[PDB]
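A single chain, nothing else alongside it, follows as structure tokens in the form deposited without the ligand.
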């Protein structure tokens, strides 16, 4: 099973870490201005595109991932990875390979990992 009440609110050292990563991933750009996270901001409704929810297991978005950090939901950094990686995979599953949205997914990932290290942390 799993347990861990949300007694005290995550510290500034942890919360910040989460933000840094994402804040960088979502802000990360590839084209000459055309961001990628754009197509990863909001998702299609269940009525318009239901099939999406049929194949996709957990169609999560970015607005939700962030809403959690501010909701003291995520217990540890790992949790963030579970979603972040999910929000990406979901795409590679829907969007064809070597496609426009595809490549992006792969990129966002490379940025996520790097972020963890390359951040505001300045000894």
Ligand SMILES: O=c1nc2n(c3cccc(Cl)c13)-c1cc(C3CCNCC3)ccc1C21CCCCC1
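Residue numbers count along the first chain shown, from 1.
In what follows, reference is made to the form deposited with the ligand bound, a form of this protein that is not presented.
In the deposited bound form, at least one heavy atom of residue 60 sits within 4.5 Å of a heavy atom of the ligand.
At least one heavy atom of residue 101 is located within 4.5 Å of the ligand in the deposited bound form. Residue contact check for residue 44: one or more of its heavy atoms lie within 4.5 Å of the ligand in the deposited bound form.
Looking at residue 94, you'd find a heavy atom of it within 4.5 angstroms of the ligand in the deposited bound form. Annotated contacts: 28, 106 and 115 are all free of the ligand in the deposited bound form [non-hydrogen atom within 4.5 angstroms].
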